[PDB]
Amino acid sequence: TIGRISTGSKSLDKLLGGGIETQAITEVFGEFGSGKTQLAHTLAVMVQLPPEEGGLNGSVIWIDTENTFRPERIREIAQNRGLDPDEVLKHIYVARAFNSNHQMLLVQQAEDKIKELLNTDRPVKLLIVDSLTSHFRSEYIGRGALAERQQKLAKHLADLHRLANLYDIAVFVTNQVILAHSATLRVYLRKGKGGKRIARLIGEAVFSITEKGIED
């Protein structure tokens, strides 16, 4: 069965069919400030809620490539949704990827953690890669790079799709914006009037960024 993780926004959840899915890679893409990292921090709390509150009683693996994970933003979102900020942080396993090759290795390490927690009452249910593409865009540049970059990212995305399907995990990846993509679901995020963010699947959802992370 596909699990669904609430985003915190009822509007965005509706657009997604109820939340971010397990057994799928969901890519959010959009310009600087569009909400990609804030959505990631909000899902890393939401997935820890029980299912009747929109979570999967799950743990989180987060591969951070631009040093934008903020443990205090997690604690705030958790505190404000009525969860213990330190227990929520204990269930997020963060690793910094130093380059695209290290990023690829970290996905194989993630399988070790996933296997370990599979017999626990908080199995990994969410794997975040923020940003999926930043290192690949820095490292593979110039004539011949398009093909090489796309082949390396296809292998990385295949590794991630295997973990999502084999272990019933939601994979959530971000991309800052003609080239091919292989996410299961692609969600375009942009800034709207009045501080809102607007999401479109590639209706529209509208959400805010608040003390609770993301919400309508």
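All residue numbers refer to positions in the sequence shown, first residue = 1.
Going from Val177 to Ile178, the model skips 4 to 9 deposited residues, which lack coordinates.
The gap between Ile202 and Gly203 holds 4 to 9 unmodelled residues of the deposited sequence. On average the C-alpha atoms of 83-91 have higher B-factors than those of the other stretch, with 69-77 and 83-91 being the two compared. As recorded in the PDB entry, 108-116 is the stretch of 121-129 and 108-116 with the greater mean C-alpha temperature factor. Among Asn165, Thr184, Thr37, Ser59, the highest C-alpha B-factor recorded in the PDB entry belongs to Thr184.
When the C-alpha B-factors of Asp64, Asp159, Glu148, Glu27 are read from the PDB record, the largest value belongs to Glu148.
Among the modelled residues of its chain, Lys155 has a C-alpha B-factor that falls in the middle third, as given in the PDB entry. When the modelled residues of the chain are ordered by their C-alpha B factor, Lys191 lands in the highest third. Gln103: CA B factor in the lowest third of modelled residues in this chain (values from the PDB entry).
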